[PDB]
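Coordinate inspection notes
Here's the letter readout for the chains.
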Amino acid sequence: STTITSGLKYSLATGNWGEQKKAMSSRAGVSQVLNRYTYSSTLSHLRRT
Amino acid sequence: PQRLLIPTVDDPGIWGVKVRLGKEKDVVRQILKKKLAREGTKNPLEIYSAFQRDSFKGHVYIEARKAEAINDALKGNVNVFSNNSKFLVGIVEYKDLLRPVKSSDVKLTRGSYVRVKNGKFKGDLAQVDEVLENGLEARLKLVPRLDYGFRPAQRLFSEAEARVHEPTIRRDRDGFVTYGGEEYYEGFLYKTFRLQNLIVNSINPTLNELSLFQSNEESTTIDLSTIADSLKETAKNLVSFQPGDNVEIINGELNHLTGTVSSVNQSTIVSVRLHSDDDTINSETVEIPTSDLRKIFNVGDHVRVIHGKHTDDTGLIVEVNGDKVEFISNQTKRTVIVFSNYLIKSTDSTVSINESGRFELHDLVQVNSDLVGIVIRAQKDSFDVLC
Amino acid sequence: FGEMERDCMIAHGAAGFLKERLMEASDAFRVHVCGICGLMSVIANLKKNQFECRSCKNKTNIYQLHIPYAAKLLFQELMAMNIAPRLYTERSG
Amino acid sequence: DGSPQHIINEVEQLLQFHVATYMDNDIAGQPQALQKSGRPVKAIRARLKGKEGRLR
Amino acid sequence: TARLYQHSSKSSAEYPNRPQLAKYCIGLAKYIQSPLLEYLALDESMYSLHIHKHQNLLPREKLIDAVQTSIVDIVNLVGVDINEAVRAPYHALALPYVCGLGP
Amino acid sequence: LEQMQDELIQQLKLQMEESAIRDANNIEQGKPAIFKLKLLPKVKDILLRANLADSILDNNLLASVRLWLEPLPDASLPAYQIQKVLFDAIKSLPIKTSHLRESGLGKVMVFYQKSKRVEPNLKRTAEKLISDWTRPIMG
Amino acid sequence: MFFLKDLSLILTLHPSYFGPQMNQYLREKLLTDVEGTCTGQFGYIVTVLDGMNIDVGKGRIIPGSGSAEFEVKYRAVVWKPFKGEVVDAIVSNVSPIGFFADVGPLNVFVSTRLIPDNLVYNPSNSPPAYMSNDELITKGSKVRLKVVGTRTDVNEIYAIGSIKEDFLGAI
Amino acid sequence: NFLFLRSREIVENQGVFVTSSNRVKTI
Amino acid sequence: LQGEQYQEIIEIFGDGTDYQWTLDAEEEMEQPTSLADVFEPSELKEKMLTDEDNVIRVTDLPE
Amino acid sequence: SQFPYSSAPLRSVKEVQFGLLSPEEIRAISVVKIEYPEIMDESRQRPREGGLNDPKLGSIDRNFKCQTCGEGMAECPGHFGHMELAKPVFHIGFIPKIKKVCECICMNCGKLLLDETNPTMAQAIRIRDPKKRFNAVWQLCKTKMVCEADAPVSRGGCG
Amino acid sequence: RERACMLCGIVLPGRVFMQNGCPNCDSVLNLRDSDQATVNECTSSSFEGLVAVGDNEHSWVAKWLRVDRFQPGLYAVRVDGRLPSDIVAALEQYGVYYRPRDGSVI
Amino acid sequence: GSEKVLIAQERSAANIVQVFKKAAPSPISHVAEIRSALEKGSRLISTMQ
Ligand SMILES: [Zn+2]
Ligand SMILES: [Zn+2]
Ligand SMILES: [Zn+2]
Ligand SMILES: [Zn+2]
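Residues numbered from 1 in each chain as written, not as in the entry; some residues may be left out. Chains lettered and ligands numbered in written order. Part of a larger assembly, values for the part shown. Heavy atoms only, no water.

Defined as follows: UniProt positions are given in the numbering used here, feature names are shortened, and annotations may be inferred rather than shown by experiment.
Within the PDB entry, the label attached to chain K reads Transcription elongation factor SPT4, and the organism entered is Komagataella phaffii. For this entry, the PDB title field holds "RNA polymerase II elongation complex transcribing a nucleosome (EC115)". In its Sequence similarities (unreviewed entry) section, the UniProt record describing chain K reads: "Belongs to the SPT4 family."

With the PDB entry as reference, chain I is termed Transcription elongation factor Spt6, source organism Komagataella phaffii.

Dropping the structure here:
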């Protein structure tokens, strides 16, 4: 059960979308820390491409 | 015979295949079982032999004649990697793949003096009283390390002190005493130790332990053959050469010739330019093995001790008595006689005294109950104090 | 104090300010070089007042330099790659 | 101990690879040396080049 | 003797798992039990003891000879047990200083 | 052309035999063997030339090679340079069974293989060369 | 052996001495810092010739420290022993390990292993000496010795002599 | 009352010389 | 193998007797107690294992 | 004035001479030989002597002084050690130059494939810059694909 | 637990050697009819180089290891320990020459 | 304990033919490109030119 759990948690925590041992060549920045400076900034961050 | 059995061109070929580490013997057993099971069938495993060697990790060698036979033998196995990592062994390698190993010494000799790898007597010199026929263990003669009720210093087992501190001593014979489950024979412990607990080469003996062991033999160090061999080993291994060293040749057609080391390659080939009355000979460089070179030490040269009690001591050569050379020391300012094997011509001392003693330079120390001084110069053996 | 600031200081012509910025206000270091081999292999012991280059076997022809610590590190890394940068305090032509 | 030429070639080629990658880990035409974390090894050559290198 | 014993490697070999202050206390206790044997244990460092105000004016050989004569006289006035000397080297330190004998 | 090379190789053979005799006498006279070392550069240059191998085999220079490799009666081995150069030359030339029969170098090769004062690298090379020379006889 | 050599010295002067008497002050500083010193490369510098007319040139201001650096060239008398040289000496001390002689500023130690055997050390003699039937070498006695080895120190030179060959010993 | 002065000019005993505190003045 | 080519192999390589005596001499010279060579003379004098030591022990006189 | 006094004279760099390090020089300037792969002795402080963290190589700890120079962390420049290779290996930065040099000389006699007899070769040798000289010599000797044991008289080649 | 029979070189479990003996060497060793001491002196658990042989007649390895006249199975290139002097004399009585597989003799 | 947001990633549509003009320094003048993706899962499978 640790495989899927650790993989999902790592990819969501660091933003590298892939396996942990293939961090290079993986698409980075997919997951980001939510911007909570003000309400409008959070709303803008949740609708970003 | 043995020589006639060397392989020919028509002999069966040998293939090597990479496998997962630690599964080589498992693959060998699986191959043998498959061959036995398919033996006597319509499609028997058309191979001849298969084996592996411990040193050649990850390789299993099969003697056969066809690549399809190798594929059939490897078919149905999981330790074989995905790719067909098979290669044709050269015929010359056939003898080397099966040549024996660890043939340096015939056996451990009873009565020899050895060092202990681990245990409570880790590093203590021990005599091999008995060699077990299994070869994995051996009964040894040691100096006991007991407190009688972090290890106590080695000391001959004293029956009176042992009884005073522990009156439960046992007796089985005359001179053979068992105390605390340990068998001591005439004051020396006799305990079996595994082969993995002993060093049988590069053994460094001390005269203190030698005397403590040979005192019961009614003569101080009567046995000196293994000791002489150890001396030869220490003399041979301790020699290290540098360019410009004046050396003399012991063997070969060029025996009793002097020369200067020009360049050093690896640790066994030394290029030397020889010196002689003929000019045309002095302009030639000869590469000579180090095993037939002896250093030449001229009187009045700065020399530094390589190894021994006088390690890092320097001085000027005064008397050259062949093997043993005498030189006036620099720190103690007294003559010291050390073998030429322990001297290197080092024109500059620049001795560092760090990591030695308790005091450094410029330390205000108390000489005695009345005199107090400061350190001006430190030595490997003493200190110089201005009071 | 990046490269563009260094170029501006060169344009102003202030060599002393540039030297002070890059040495005194930063990693300044003192090394000893053999006067023969030119390498930073001198085993200097200041308290005992003895200097010695083992390769050349000399005790006298030895000088000291003030160079940035990064320069010392660069020369040592070059020596780690079998390249020998030799620093000499006199020209030869 | 014992000298199968295939084993000698393999081990000496491994030594050559290690020595080469210790000084240059961007040799085109072969895979880089990797750490246990998966990142490439920072060879001595990489220390000296770029904006963040020694010189710049 | 206690100060010199706390630094001697003889104590370290004798007591490998003990503090320096323990060695100092052991030296004090042994000095109380037997000052002569403790003074013998100094071996060479006994010559560095403050014996006389102008002890350094004499040559080293003369001072060493004087110390040897004094210790031989005292130990011969005392007497040495051969059996105990064999049993324990500590009591055997006094054996070489007996008249007629030597190291 | 080829006959000139044969004449030169025969002259080299005579020089090598004379140098070996002189060095043996000098050792018997209490002097080091120097003539072999003096002649070594020219012998090395001649042997390194590949196109002269056929003429060497025509003149059976391997007999003098074995004579140099033969240990002197004082139980002293030849100079390591001579042994190394001769081993390299032996490797560099296509020695056949007929040439070995003419020269009888197999005896000295076996002696080198069995001896222990010989360098271990030379020991391995001697084993390899002996195996290679036994290869054609058995197939 | 004594020699004449052309030597050079680097002299650094603090700005507080930048006065009209700069040159003479540099001269006395050079004399105090060179006369009597001992350098292993050259030996012992005993005197400087023309000590009051030495050219000092123009001093260069060290950038960032203000002090001026002067290059002073001068001719001086230098004495240096050489390996395998026979020189006269005067014995300064007698000891069982050997005797110490003086060759100018250099003090030479000769061990017993480099002394002829017939010159047995006599500690009962007043003063103690290394004496033979026809030879007696004590403190203050002229001796002719050959220097065998020289030891280089920071600012000192240690030499070893011998009298074991002919035309040596007492003179 | 003893002070252990060291000076780079003095060569003897690496410039170390003992001088009583009563015979020196502060610089 | 076969006898005639076995004889040919013997002819080419020899039985070794052409240099068996050389090998015997080499092995004889390969093979060879004095406590002076065993340990440094300073250590021997420290441990009291020299000729002066035996003379003193034998001599009937106070040391 | 922030550096402790050193009696060596203070001078400034006037020339930087480059080059390669000979194995003799590497052995000479070294202070210890590195042979044990274990970094730590027994994981009980005091790193193993002869290992990659030998105390003779230098000190990076405040309370530990270098065993070679005796200076502190702020003054010790670090000292080199050397490691003997069982078999020689290529320097990764010089492989193309090694290949060019192999193309320029003969692999048996160890001599150049061209001589000063050729006017173009003499013209190339006449130039001063080492890099351009090597480039010209390589451009000429590249075409020469056979060693000559005789003059194109013996030129020293092996043929 | 497996041991290598010193004489023929086969490798089988020590309990197998004790219960049934060596299938090849029983004509000269009587390993089954021998006590544990003799089993150890002729079968050693310390060895090296596991070898599996399929066809003794045509395998050059078997001829090189002198096991081409024995039962196919597990064999060891090198076996620690040699035959005892009394067993050596007993085998020499039978007319069979013993060549050690310990590698120290070659 | 940290709030992470997934940033939407823009990609070219699959299963559509794209025709491109290659630059002059090439033997190819025009290229027809298509990337295939199964409907179930919408995962990239293969590309064809
Ligand atoms: Zn240098
Ligand atoms: Zn340091
Ligand atoms: Zn050529
Ligand atoms: Zn069997």
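**Brief notes about the overall build of chain I**
Worth spelling out the cut-off: Helix and strand labels come from DSSP, where a helix needs a run of H or I of at least four residues and a strand needs a run of E of at least two; each type is numbered from the N terminus. Both definitions apply: the radius of gyration is a C-alpha atom measure, and the globule rule equals 2.2 Å times residues to the power 0.38. Exposed residues in this analysis have more than 50% of their type's maximum accessible area, buried residues have under 20%, and partly exposed residues fall in between, with area computed by a 1.4 Å probe over protein chains only.
Of the regular secondary structure elements, chain I holds five helices and zero strands. Listed by position from the N terminus, the elements making up chain I come as α-α-α-α-α. Against the 2.2 N^0.38 benchmark of 11 Å for 63 residues, chain I shows a C-alpha radius of gyration of 28 Å, more extended than a compact globule. With respect to the principal axes defined by its C-alpha atoms, chain I has extents near 85 × 20 × 15 Å. Counting only residues that meet the buried cut, chain I has 29% of its 63 residues in that class.

**A few points about the overall build of chain K**
Rules: Between two residues, a contact is recorded if the distance between any of their heavy atoms is within 4.5 Å. Every accessible area reported is derived by Shrake-Rupley at a probe size of 1.4 Å, with residue values counting cover from the shown protein chains alone. Counted as positive: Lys and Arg. Counted as negative: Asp and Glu, with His and the chain ends omitted from the count. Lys charges are placed at NZ, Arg charges at CZ, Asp charges at CG and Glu charges at CD.
When its secondary structure is counted, chain K shows four helices and five strands. Counted from the first residue to the last, chain K has its helices and strands arranged as β-β-α-α-β-β-α-β-α. On C-alpha atoms alone, chain K measures out to a radius of gyration of 13 Å, which is about the 13 Å that the 2.2 N^0.38 rule sets for 106 residues. Seen along its three principal axes, the alpha-carbon backbone of chain K occupies a region of about 35 × 30 × 25 Å. Per-residue burial for chain K yields a buried fraction of 54% across its 106 residues. Across chain K, the fraction of contacts at a sequence separation of at least 24, relative to all contacts at a separation of at least 6, is 55%. Here chain K displays about 5,000 Å² of accessible surface, and carbon together with sulfur accounts for 44% of that area. Of the charged side chains in chain K, 11 are positive and 13 negative; the average position of the first set lies 3 Å away from that of the second.

**Structural notes on the UniProt feature "binding site: Zn(2+) 1" (unreviewed entry) in chain K**
All names here are of chain K. Per the UniProt entry, the sites bearing "binding site: Zn(2+) 1" (unreviewed entry) are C5, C8, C22 and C25 in this numbering. Maximum C-alpha separation among the annotated residues is 8.6 Å over a sequence range of 21 residues, consistent with a single clustered spot. Within the secondary structure, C5 sits in strand β1 (residues 3-5). Among the residues examined, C5 registers a relative accessible area of 0% and is labelled buried. Apart from the residues within four sequence positions on either side, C5 is in contact with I10, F17, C22, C25, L29, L31, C42 and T43. Position of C22 relative to the elements: it lies in the loop between α1 (14-20) and α2 (36-42). With residues up to four places along the chain from it excluded, the contact list for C22 reads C5, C8, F17 and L31.

**Focus on the environment of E25(J)**
Stated precisely, the cut-off is as follows: Here a polar contact is recorded for every N or O atom pair within 3.5 Å, except that within protein the pair must consist of a potential hydrogen donor and a potential acceptor, and residues adjacent in sequence are included only if both atoms are side-chain atoms.
Tracing the chain through its elements places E25(J) in helix α1 (residues 23-29). Of the residues examined, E25(J) reaches a relative accessible area of 13% and is grouped as buried. Sequence separation of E25(J) and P55(J) is 30 residues, and the distance between their C-alpha atoms is 22 Å. Leave out the neighbours within four places in its chain, and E25(J) touches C37(C), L39(C) and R86(C). At 2.7 Å, the side chain of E25(J) forms a polar contact with the side chain of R86(C).

**What about the coordination of the zinc ion (ligand 4)?**
Residues and elements named next belong to chain K. This is how it is decided: Shown as donors are all N, O and S atoms within 2.8 Å of a metal ion, widened to 3.2 Å for Na, K and Ca; because water is not in the atom set, sites may appear incomplete.
Bound to the zinc ion (ligand 4) on the protein side are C5 (SG), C8 (SG), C22 (SG) and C25 (SG), at distances that span 2.3 Å. Read from N- to C-terminus, the donor residues coordinating the zinc ion (ligand 4) fall into the pattern C-x2-C-x13-C-x2-C. Placement of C5 in strand β1 and of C22 in the loop between α1 and α2 is noted, with a sequence separation of 17 residues between them. When sorted by exposure, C5 lands in the same class as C22, which is buried.

**Details of the interface of chain D and chain B**
Rules: Buried area, as used here, totals the accessible surface that two parts lose on assembly, with accessibility defined by a 1.4 Å probe and the loss added over both. Basic side-chain nitrogens of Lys or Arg form a salt bridge, by our definition, when they fall within 4 Å of a carboxyl oxygen of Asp or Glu.
In this complex, chain D contributes seven residues to the contact, which on the side of chain B involves eight residues. Interface area for chain D against chain B, summed over the two sides, is near 660 Å², with a carbon-plus-sulfur share of 61%. A per-residue breakdown of the area chain D buries against chain B is headed by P4(D), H6(D) and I7(D), which together make up 56% of the total. Joining chain D to chain B, the criterion identifies one salt bridge. With a shortest N-O distance of 3.4 Å, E10(D) and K18(B) are connected by a salt bridge.

**A short note on the side chain of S6(J)**
Its place among the elements puts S6(J) in the segment before β1 (15-17). Looking at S6(J), its side chain comes within polar contact range of the side chain of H32(C), at 2.9 Å. Other than its neighbours up to four places away in sequence, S6(J) contacts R30(C), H32(C), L46(C), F51(C) and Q64(C).

**Concerning the packing of aromatic side chains**
Condition: Between rings of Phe, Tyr and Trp, where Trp is taken as its six-membered ring, a pair exists when centres lie within 6.5 Å; planes separated by under 30 degrees are stacked, by over 60 edge-to-face, and by other angles tilted.
Scanning the model with the defined rule gives 27 aromatic pairs over all chains in all. When the ring of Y94(B) is compared with that of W60(K), the centres are 6.2 Å apart and the planes differ by 55 degrees; the resulting orientation is tilted. Residue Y94(B) is found in helix α3 (residues 93-97), and its partner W60(K) is found in helix α3 (residues 60-64); the two belong to separate chains. The class for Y94(B) is buried, based on a relative accessible area of 4%. Of the residues examined, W60(K) reaches a relative accessible area of 3% and is grouped as buried. Ring centres 5.7 Å apart and planes at 55 degrees place the aromatic pair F3(G) and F82(G) in the tilted group. One end of the pair, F3(G), is in strand β1 (residues 2-13); the other, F82(G), is in the loop between β5 (68-79) and β6 (85-95), with 79 residues separating them in the sequence. Look at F3(G) and you get partly exposed, because its relative accessible area is 38%.

**Comments concerning the coordination of the zinc ion (ligand 2)**
Residues and elements named next belong to chain J. Using the following cut-off: Each label reflects the angles at the metal, where four donors whose angles all fall between 85 and 135 degrees are tetrahedral, four or six donors whose opposite pairs open beyond 155 degrees and whose other angles stay between 65 and 115 are square planar or octahedral respectively, and the rest are irregular.
Each protein donor to the zinc ion (ligand 2) is listed here as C66 (SG), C69 (SG), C76 (SG) and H79 (NE2); together their distances run 2.1 to 2.3 Å. One can describe the donor arrangement at the zinc ion (ligand 2) as tetrahedral, given that its four donor atoms subtend angles of 106 to 111 degrees at the metal. Given a relative accessible area of 0%, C66 falls into the buried group. Judged by its relative accessible area of 1%, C69 is buried.

**Focus on the interface of chain J and chain C**
Put simply, the test is: Under the grouping applied here, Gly and all other residues not named as nonpolar or charged are polar, the nonpolar ones being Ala, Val, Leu, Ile, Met, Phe, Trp, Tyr, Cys and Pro and the charged ones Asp, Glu, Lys and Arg.
Each side of the interface is counted separately: chain J has 36 residues, and chain C has 39 residues. Around 3,600 Å² of area is buried between chain J and chain C when both sides are counted, 55% of it from carbon and sulfur atoms. When the buried area of chain J at its contact with chain C is split by residue, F3(J), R11(J) and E15(J) rank highest and sum to 18% of it. Between chain J and chain C we count three salt bridges in total. Within the residue set of the side of chain J that touches chain C, elements represented by two or more residues are β1 and α1 of chain J. In terms of residue count, the dominant contributor to the side of chain J that touches chain C is α1(J) (four residues). A per-class count over the side of chain J that touches chain C returns 20 nonpolar, 10 polar and six charged.

**A word on the pattern of salt bridges**
Opposite charge on two side chains permits them to pair, given that their charged atoms come into close proximity. Across all of its chains, the model carries 59 salt bridges over all chains by this definition. Within this structure, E3(C), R6(C), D7(C) and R56(D) form a network of salt bridges that share partners.

**Comments concerning the sheet that holds strand β3 (residues 59-64) of chain B**
Where strands meet in a sheet, backbone hydrogen bonds hold them as pairs that are either parallel or antiparallel. Rules: Pairing between two strands requires that DSSP report at least two bridges joining them. Only the contacting stretch of a helix is used when fitting its axis, a line to C-alpha atoms as for every element, and angles between N-to-C directions run 0 to 180 degrees.
As summarised here, the arrangement of the six strands in space is β4(B)-β1(B)-β3(B)-β2(B)-β4(K)-β5(K), forming an open sheet in which the pairing is antiparallel. The open sheet is flanked by β4 (86-88) of chain B together with β5 (74-79) of chain K, the only strands paired with a single partner. Each strand of the sheet is rotated relative to its neighbour by a mean of 25 degrees, with strand direction disregarded. Those strands touched by helix α1 (residues 24-38) of chain B are β2 (49-51) and β3 of chain B together with β4 (47-53) and β5 of chain K, and its axis lies near 30 degrees from that of β4(K). Where helix α1 (residues 5-23) of chain D meets the sheet, it contacts β1 (13-18), β3 and β4 of chain B, and its direction lies at approximately 150 degrees from that of β3(B).

**Comments concerning empty space enclosed by the protein**
Basically, it comes down to this: Put simply, the grid is 1 Å and covers the protein atoms alone, a cavity is a trapped set of points that fit a 1.4 Å probe, a pocket is an open set with protein on both sides within 12 Å along at least five of seven lines, and lining residues have an atom within 4 Å of a point. Grid points are joined across faces, edges and corners, and a volume is the space filled by probe spheres set on the points.
The space that makes up the largest cavity amounts to roughly 140 Å³. Lining the largest cavity are 14 residues, and of these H32(C), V42(C), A44(C), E75(J) and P77(J) lie nearest its centre. Considering each element in turn, the lining of the largest cavity owes the most residues, three residues, to strand β1 (residues 28-34) of chain C. Residue composition of the lining of the largest cavity, grouped by class: eight nonpolar, two polar and four charged.

**As for unusual backbone geometry**
The amide bond that connects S126(G) to the next residue, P127(G), takes the cis arrangement and shows omega of 0 degrees. Mapped onto the secondary structure, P127(G) falls in the loop between β9 (120-122) and β10 (129-131). In this structure, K333(B) is a non-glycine residue whose phi angle is positive, near 55 degrees. Relative to the helices and strands, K333(B) resides in the loop between β20 (324-329) and β21 (335-339).

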